[PDB]
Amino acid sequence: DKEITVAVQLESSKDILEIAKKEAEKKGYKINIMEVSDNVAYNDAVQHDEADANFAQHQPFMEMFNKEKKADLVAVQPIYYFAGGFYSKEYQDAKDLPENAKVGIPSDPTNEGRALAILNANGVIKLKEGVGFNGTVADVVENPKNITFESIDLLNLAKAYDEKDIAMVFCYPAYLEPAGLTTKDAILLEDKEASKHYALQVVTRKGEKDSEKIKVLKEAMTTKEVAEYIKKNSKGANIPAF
C-alpha cells in the first residue's frame, strides 16, 4: 500500500499537509487528509488503524490520550512551536500586579500546566517541587500576592484581556489578533525550550514508527517549502521545529 492517511483538525494543519502531499506524490505516495472537528477523533483514528498518522497535537497532549486509552501513540517529528505568554492591559510587568489580583489561565489541564510553568519560571508563584509542566493550581506552594487563578476557556482568554477585574491573562499568539496584540506585548513570555516541549508533532502508532509510509511523511513535512509556509502563513507566530 502506497497511501498515507493523516488525520488533522485545524485548517492550518490541513494546509501544511497539502504542501507535504505534493512532495509525497513525487515519491509515489498518496497522502489522504482526514479532517476532524474535535480533539479526540484524530487519536481514535490512529489508535484504530483508521489513519496512519495525525498532525494535530503536542506530545504532552498525546501522552494524556495514551494514559486514558492504554494506547501506544508516539511522537515522531516536531513540526513547529509557538510562545505562550501573559498579557496585561494595565500593568507593565508582573512585579506590579496588585495584591489579590485575578490572573486568567486556561481551564484544561495540559494548558493550565503550561501557563503555571511560565509563572513558576518567572517567580510569580512557586509550584511544588518537581511538578514541572504538570502543575495545577492546587500545586501552588507560594503565592506572595495571593493571586486568584481564574480558570478560563482557551477561546475566552483574549476577551478576558479586556475584563476589568482580570489583571493579566495567558494567551497564545493565534488568539492575539482581535485584541490588537503581538508576543512583543507579552509581560511574561515562555522560553524557547519550554515552547519546544509543546511543539506540534507528527504522531503514529509505536509499531508503525519505523515504517516506510511514516518515513516518507516525515521527509515531506520537513522541507524548505514547509518551513517557509509555516512562517509565512502564521505571520511569524509559528516557528519551524526543524
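In this text, residue numbers run from 1 along the sequence as written.
- In this entry, 19 to 27 has the higher mean Cα B-factor, the comparison being between 214 to 222 and 19 to 27.
- According to the PDB record, 142 to 150 carries the higher mean C-alpha B-factor of the two stretches 82 to 90 and 142 to 150.
- When the C-alpha B-factors of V202, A41, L181, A194 are read from the PDB record, the largest value belongs to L181.
- Among the modelled residues of its chain, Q47 has a C-alpha B-factor that falls in the middle third, as given in the PDB entry.
- The deposited CA B-factor of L176 belongs to the highest third of values across its chain.
- The entry lists a Cα temperature factor for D185 that places it in the highest third of the chain's modelled residues.
- In the PDB entry, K128 places in the middle third of its chain by CA B-factor.
- Placement of the Cα temperature factor of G113 within the chain: lowest third of the modelled residues, per the deposited record.
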